[PDB]
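# Residue-level structure breakdown
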Amino acid sequence: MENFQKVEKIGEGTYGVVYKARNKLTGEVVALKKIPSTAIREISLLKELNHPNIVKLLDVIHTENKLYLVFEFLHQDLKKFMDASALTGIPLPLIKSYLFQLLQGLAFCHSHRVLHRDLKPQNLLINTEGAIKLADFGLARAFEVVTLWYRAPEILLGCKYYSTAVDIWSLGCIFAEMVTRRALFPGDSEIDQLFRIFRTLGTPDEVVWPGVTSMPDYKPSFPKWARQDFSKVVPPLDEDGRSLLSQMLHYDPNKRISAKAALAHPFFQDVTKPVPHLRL
Ligand SMILES: Cc1nc(C)c(-c2ccnc(Nc3cccc([N+](=O)[O-])c3)n2)s1
């Protein structure tokens, strides 16, 4: 760490505190995260998982039982950008560009059998060029109240062997939040989170999700709520956007759209790469 001069505390992530710092050797400005042999091996594998929509993991430093992760630095997270854009809304072409890029990032990681598992606006980073990138990819497999708002229903229902579909669910919740300027399912407990999902998408049953009633935390005593139309859930999103969202929010992880199939969705026929309005 003698090679890094800390600049400021930029955040407090799930796996540790994130600092902006300066590399004394290269003059590089980085994001330094201060966090078991299995963890070293898994983290080392993430250094090779390089994609333009993945925050680059520059180095892994294991010194005095402490673990530091050195990332490329981006100037803002999507949560702060969404707060800054709350009175006007993020323009739909920029929402579409960000969703398209994030789907490219997920399609890449998922093709390498790497899951994020904890996507949230707080770990989506943006730059002045119009790029958006996924941070903390693969850290959940290796290792303040942790937000449940973007948690897939199979996780809340006790599935211990969940799939890449959990990331599609989280990204669908973020897509809805960019469009409406409000969190889709802002639960403050696991049951509140599950019941918020049920109140909007309907209580799942064996018809829409075969095997759901046999899940570890499923209870036959769950209240039975009717599903709502997406026209009510995400106005003023057009029919292509609502169709894609509905496929990202299917209850059955096996029915849920893949990142690769989502990239071919008609919603992206007119996708562009606009420049965001960023104040740094
Ligand atoms: C949860 C995270 N894990 C990593 C690795 C993060 C990461 C990676 C690269 N650049 C940045 N920039 C940035 C800029 C402003 C504020 C914040 N914030 O932490 O609130 C972050 N963060 S954020």
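See the structure shown above.
This section reports on the structure supplied with the text.

## Some remarks on the overall build of the protein chain
Helices and strands together make up the secondary structure of the protein chain, namely 10 helices and eight strands. In terms of overall size, the protein chain behaves like a compact globule, its C-alpha atoms giving a radius of gyration of 19 Å where 280 residues would be expected to give roughly 19 Å. Projecting the C-alpha coordinates of the protein chain onto the three principal axes gives extents of approximately 60 × 40 × 30 Å.

## Notes on helix α6 (residues 165–180)
Along its 16 residues, α6 runs 23 Å from first to last C-alpha, staying within 8% of the 22 Å computed at 1.5 Å per residue. Most of α6 is tucked away: 15 of the 16 residues are buried. Of the residues flanking the end of α6, it is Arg 181, one or two places downstream, whose phi is positive at about 75°.

## With respect to the site of the ligand
With respect to spatial proximity, 16 residues lie near the ligand, and among them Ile 10, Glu 72, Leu 74, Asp 77 and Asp 136 are the closest. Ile 10 is positioned with one of its backbone polar atoms (N or O) 2.9 Å from an oxygen atom of the ligand. Burial of the ligand by the protein chains amounts to 89% of its free accessible area of 500 Å². Only β1 (4–12), β5 (66–72) and β6 (76–77) provide two or more residues apiece to the shell around the ligand.

## Topic: helix α7 (residues 190–201)
Its 12 residues place the ends of α7 17 Å apart at the C-alpha level, agreeing with the 16 Å of an ideal helix rising 1.5 Å per residue. Listed in full, the buried residues belonging to α7 are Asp 192, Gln 193, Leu 194, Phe 195, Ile 197, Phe 198, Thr 200 and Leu 201. Those residues of α7 that are buried lie in contact with α5 (153–156), α6 and α8 (230–233).

## A closer look at the pattern of salt bridges
Throughout the structure, instances matching the rule amount to 12 salt bridges. The partner of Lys 96 in a salt bridge is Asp 270, and the shortest N-O contact between them spans 2.5 Å. Overall, the relative accessible area of 6% leaves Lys 96 in the buried class. Its salt-bridge partner being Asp 118, residue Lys 120 comes within 2.9 Å of it at the nearest N-O pair. Each member of the pair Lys 120 and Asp 118 is classed as buried. Taken together, the salt bridges that share partners define one network made up of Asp 118, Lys 120 and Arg 151.

## Examining the pairing of β5
Burial runs high along β5: five of the seven residues are buried. With five bridges joining them, strand β3 (residues 29–34) and β5 adopt antiparallel strand pairing. For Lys 33, the partnering residue across the bridge sits in β5 and is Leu 69. Sheet analysis places strand β4 (residues 57–63) next to β5, joined by six bridges and oriented antiparallel. Within β5, the residue paired with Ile 61 across the bridge is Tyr 68. The turn joining β4 and β5, which pair antiparallel and follow one another in sequence, is formed by two residues; a positive phi near 50° is taken by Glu 64.

## Observations regarding the packing of helix α3 (residues 92–111) against α6
Relative to each other, α3 and α6 sit at 170°, their axes nearing to 11 Å. Here α6 runs roughly antiparallel to α3, going by the angle between their axes. Contact with α3, carried on its side by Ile 95, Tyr 98, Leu 99, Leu 102, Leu 103, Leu 106 and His 110, involves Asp 167, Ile 168, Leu 171, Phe 175, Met 178 and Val 179 of α6 and no other residues of that element. Of the residues in the contact of α3 with α6, the class split is 11 nonpolar, one polar and one charged.

## So, the packing of aromatic side chains
For any pair of aromatic rings, the description rests on two quantities: the centre-to-centre distance and the angle between the ring planes. Following the criterion strictly, the structure yields 14 aromatic pairs and no others. Relative to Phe 267, the ring of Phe 175 has its centre 5.5 Å away and its plane inclined at 50°; by these criteria the two rings are tilted. Highlighted residues: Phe 175 in helix α6 and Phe 267 in the segment after α10 (259–263), separated in sequence by 92 residues. Here a set of aromatic residues connected by ring pairs shows up, and it is made of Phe 195, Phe 198, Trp 209, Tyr 218, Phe 222, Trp 225 and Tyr 251.

Criteria and cut-off values
Residues numbered from 1 in each chain as written, not as in the entry; some residues may be left out. Heavy atoms only, no water. Residues with missing side-chain atoms left out of burial classes, pairs and counts. Helix = DSSP H or I, 4+ residues; strand = E, 2+ residues; numbered from the N terminus. Rg over C-alpha atoms; globule rule 2.2 N^0.38 Å. Expected span 1.5 Å × (residues − 1). Buried < 20%, exposed > 50% of the residue type's maximum accessible area, 1.4 Å probe, protein only. Near = heavy atom within 4 Å. Polar contact = N/O pair within 3.5 Å; in protein donor to acceptor, adjacent residues only side chain to side chain. Areas by Shrake-Rupley, 256 points an atom, 1.4 Å probe, with all protein chains shown as cover. Contact = heavy atoms within 4.5 Å. Salt bridge = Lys/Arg side-chain N within 4 Å of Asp/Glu carboxyl O. Pairing = 2+ DSSP bridges. Axes fitted to C-alpha atoms, helices over the stretch in contact; angles between N-to-C directions. Parallel < 35°, antiparallel > 145°, perpendicular 65-115°, else oblique. Nonpolar A, V, L, I, M, F, W, Y, C, P; charged D, E, K, R; others polar. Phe/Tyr/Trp six-rings, centres within 6.5 Å; stacked < 30°, edge-to-face > 60°.

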